[PDB]
């Protein structure tokens, strides 16, 4: 019955927990590790991207330039501006948001759950983690 509801909740919870870990790890690049942060960020992102349920992670800085992406095909978007309202809102409001979108990666219009989490280090919004997660597979694992 509502195994479906628990499956989606658990999926949501995992993603949020991933995203928090990634946000803290990026803070820790500054606060503890120091100090080529883009490289440090790209590596962390590409690590986290290794979950099958994550389709893409990007890091968009406070000037809204994309400085890392985990997708092969979008590497050309690195060092470009991000044309995205949910990202601008996170950068501007300094709070997280999530939303569903429809995206055709080439297999059909897929249900994708986007999560944005601003990265705030010592009182400054330095950027935003943008995550596409494959909420589709929740119905596949269902």
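Residue numbers count along the first chain shown, from 1.
Participant: Can you count the deposited residues that have no coordinates between residue 52 and residue 53 and report it as none, 1 to 3, 4 to 9, or 10 or more?
Facilitator: The entry has no unmodelled residues between residue 52 and residue 53.
Participant: Of 38-46 and 107-115, which one has the bigger average CA B-factor?
Facilitator: In the deposited entry, the stretch with the higher C-alpha B-factor mean is 38-46.
Participant: Per the PDB record, is the mean Cα temperature factor higher over 19-27 or over 126-134?
Facilitator: Taking the mean C-alpha B-factor of 126-134 and of 19-27, the larger value falls to 19-27.
Participant: Go through 56, 61, 98, 84 one by one and give the residue whose Cα B-factor in the PDB entry is largest.
Facilitator: In the PDB entry, the greatest C-alpha B-factor among 56, 61, 98, 84 is found at 84.
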